[PDB]
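Trainee: When you line the sequence shown up against PDB author numbering, it's residues 3 to 191, 194 to 226, 229 to 457, in that order. Here's a structure for you.
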Amino acid sequence: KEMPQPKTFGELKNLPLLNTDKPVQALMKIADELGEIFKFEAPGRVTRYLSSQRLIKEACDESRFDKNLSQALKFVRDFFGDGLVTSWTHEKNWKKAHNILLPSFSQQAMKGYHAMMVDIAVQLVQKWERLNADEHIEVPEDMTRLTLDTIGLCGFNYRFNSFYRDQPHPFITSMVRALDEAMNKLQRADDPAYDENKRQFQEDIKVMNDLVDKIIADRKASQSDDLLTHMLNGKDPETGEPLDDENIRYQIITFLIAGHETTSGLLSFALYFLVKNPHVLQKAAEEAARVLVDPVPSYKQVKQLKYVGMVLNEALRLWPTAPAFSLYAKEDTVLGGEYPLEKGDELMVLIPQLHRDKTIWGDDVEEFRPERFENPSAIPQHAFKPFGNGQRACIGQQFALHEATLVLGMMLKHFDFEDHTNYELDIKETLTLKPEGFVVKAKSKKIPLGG
Ligand code: HEM
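Structural data, given as structure tokens:
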């Protein structure tokens, strides 16, 4: 079969159809018109977007396709190096860090992290219990406070103390401002008009490096067992090698950013869909009230919040917060019996489109219906992939979902929510998705906390 393709405009190819800062959302609308696969060309580059479970399942066969570094990931590699997210599966440093870091997400590790997660969740609830009449909550801003602090604490025994600041931690502002200047620099014709941009970039990189320096120095000057411990002390069983110090610095930055942004998005989306679907908010609050009987939640109690877990999966269905991942053909091959590819050809999984495949989910794909996930073992493999695929799947998946389930649980135990502005979904796309400007009011149910 000839591969569908949007209209090309001479040497600009398909680039005129993607002049937006919401290109995932734009590509979903091209998918709706062209179907399960389309080629997209810009000057310099070609990739093929996949939207069906039929073809994604084939693309997920790791004997034929491996993880690719998309244009975004190649850019980001300048900051994150050969950390876990930005390495090739054929880079020595990928498998080496995988083996050394996997145990930080063992069952005994998750249990270990739970009291630390509770510490941060309790700070969120207290903040909201402390608001005055008529005050409101900036939802993704407060979710980012919680998730940054959680990964700093759990991963690194470092307190960002985000709840003590009315603005973002400088680490976050600096990361974002350095990323933005690196992108902005890419499209500039050394006019000394850019002397301040360059000084600010050097300041921003120094804030990041100073933090990483401190996390490492503080720990060496200190007994712990967390991610940072395995980074510093762990040896790969395959080779006996430890991480080198360059790679360690890349892993710390990698984990501080990856370990919070998508989880903050998920919590923001989940509360959005709850306030827009009040019969579902009622069902999830009934569960939270029935299960979370103690002043603070135990591990076991979080695991019992089944409907809250369904909520979160349904939010990840509709708006997976890392919405695309990329693959390449390891050898010449034919995709779906219909589409010849050459070695090296790039495929992009458009996760939110996959998650709208009506052949799999039925026609109600735009409905927020957590009951979909009642029996998740019956969902076909590769229909639902908010955590990517195979050996390059999310190492943080259980961490993210425990944090989210604990925090959403506690939120729904402690407050009623109001969508006071009748907020209109506006999804901002960066390295992740978030409902920009999402705000609510909370009214305390006056249930006390444990001390
Ligand atoms: C809802 C929250 C999350 C989502 C939706 C998610 C999504 C993903 C996706 C789709 C991938 C595959 C990327 C690719 O194929 O290019 C990935 C990989 C990765 N994730 Fe997450 N993530 C979440 C939370 C976390 C957390 C909490 C951590 C850290 C604790 C984390 C760490 C990582 C790491 C290090 C990798 C690279 C693993 C590898 O290639 O070895 N993620 N994640």
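All C-beta atoms in this analysis are idealised placements derived from N, C-alpha and C, irrespective of residue type, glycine included.
Across which residues does DSSP place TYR198 in a beta bridge pair?
Mentor: Beta-bridge pairing links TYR198 to no other residue.
Trainee: At a cut of 8 Å, does the segment 367-384 reach the segment 278-294 through at least three beta carbon pairs?
Mentor: yes
Trainee: Name the two residues that bound the continuous alpha helix (DSSP H) containing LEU418.
Mentor: 403-420
Trainee: Mapping DSSP to helix, strand and coil, what is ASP68?
Mentor: strand
Trainee: In whole angstroms, what is the alpha-carbon distance linking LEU431 and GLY154?
Mentor: 30 Å
Trainee: Note down the Cα distance separating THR411 from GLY315, rounded to an integer number of angstroms.
Mentor: If I take the Cα positions, the gap works out to 6 Å.
Trainee: Applying the 10 Å Cβ sphere with the 16-neighbour rule, what's the burial state of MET145?
Mentor: buried
Trainee: With three or more C-beta pairs closer than 8 Å as the rule, is the segment 95-103 touching the segment 246-262?
Mentor: Taking 8 Å as the limit for Cβ pairs, the verdict is that the segment 95-103 does touch the segment 246-262.
Trainee: So, helix, strand or coil for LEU311, using DSSP?
Mentor: coil
Trainee: What's the C-alpha gap between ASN70 and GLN397?
Mentor: 13 Å
Trainee: Using the Cα positions of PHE173 and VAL211, report the straight-line distance between them to the nearest angstrom.
Mentor: 6 Å
Trainee: In the structure shown, what three-state DSSP assignment does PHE444 receive?
Mentor: coil
Trainee: Please name the residue in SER54, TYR278 and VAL48 whose C-alpha comes closest to that of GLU38.
Mentor: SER54
Trainee: I'd like to know whether the C-beta atoms of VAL127 and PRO303 end up nearer to each other than 8 Å.
Mentor: no
Trainee: Tell me which residue opens and which closes the beta strand (DSSP E) that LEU347 is part of.
Mentor: Unbroken beta strand (DSSP E) run through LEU347: 345-347.
Trainee: Measure the CB-CB distance between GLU409 and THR149 and report whether it falls below 8 Å.
Mentor: yes
Trainee: Is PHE67 near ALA399, with beta carbons less than 8 Å apart?
Mentor: no
Trainee: Which residues mark the beginning and the end of the alpha helix (DSSP H) in which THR149 is found?
Mentor: 141-158
Trainee: Could you name each continuous alpha helix (DSSP H) segment of 4 residues or more that falls completely within the segment 326-385, going from the start of the chain to the end?
Mentor: Uninterrupted alpha helix (DSSP H) stretches at least 4 residues long and entirely within the segment 326-385 occur at 357-360 and 364-367, given in chain order.
Trainee: Rounded to the nearest angstrom, what separates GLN169 and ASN163 at their Cα positions?
Mentor: One alpha carbon belongs to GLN169, the other to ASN163, and they sit about 11 Å apart.
Trainee: Mapping DSSP to helix, strand and coil, what is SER164?
Mentor: helix
Trainee: Smallest Cα separation from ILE263: which of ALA74, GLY114, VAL87 and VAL413?
Mentor: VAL87
Trainee: For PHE275 and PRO196, what's the separation of their Cα atoms in angstroms?
Mentor: Between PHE275 and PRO196, the alpha-carbon positions lie close to 43 Å from each other.
Trainee: Counting Cβ pairs closer than 8 Å, one from the segment 198-210 and one from the segment 231-243, do we hit at least three?
Mentor: no
Trainee: Specify, as a first and last residue, the run of the beta strand (DSSP E) that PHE173 falls within.
Mentor: Counting along the chain, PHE173 sits inside no beta strand (DSSP E); it lies in the alpha helix (DSSP H) bounded by residues 172-188.
Trainee: Which first and last residues belong to the beta strand (DSSP E) in which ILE102 is found?
Mentor: Premise fails: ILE102 lies in the alpha helix (DSSP H), 94-103, not in any beta strand (DSSP E).
Trainee: Determine which residues share a DSSP beta bridge with residue 227 and list them.
Mentor: Examination of the chain shows a numbering gap from 226 to 229; residue 227 is inside it and therefore has no coordinates.
Trainee: Using CA atoms only, rank isn't needed, just tell me which of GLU348, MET416, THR339 and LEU215 is closest to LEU298.
Mentor: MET416
Trainee: Short of 8 Å in beta carbon distance, which residues of its chain neighbour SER332, apart from the five on each side in sequence? Order them along the chain.
Mentor: Once the five neighbours on either side are set aside, the close Cβ partners of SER332 are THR49, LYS69, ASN70, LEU71, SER72, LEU75, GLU352, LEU353, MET354 and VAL355.
Trainee: I think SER108 touches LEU233, with their Cβ atoms under 8 Å apart; what is that distance to the nearest whole Å?
Mentor: The Cβ separation is near 12 Å, so there is no contact.
Trainee: I'd like to confirm something about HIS100: is its beta-carbon nearer than 7 Å to some heavy atom of the ligand HEM, or not?
Mentor: yes
Trainee: Can you tell me whether DSSP reads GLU424 as helix, strand or coil?
Mentor: Three-state DSSP puts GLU424 in a strand.
Trainee: From the DSSP output, read off the bridge partner residues of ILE433.
Mentor: Per DSSP, the beta-bridge partners of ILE433 are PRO441.
Trainee: Going by DSSP in three states, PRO25 sits in which element: helix, strand or coil?
Mentor: helix
Trainee: With a cut-off of 8 Å on the beta carbons, I'd call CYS62 and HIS388 a contact; round off their distance for me.
Mentor: 5 Å
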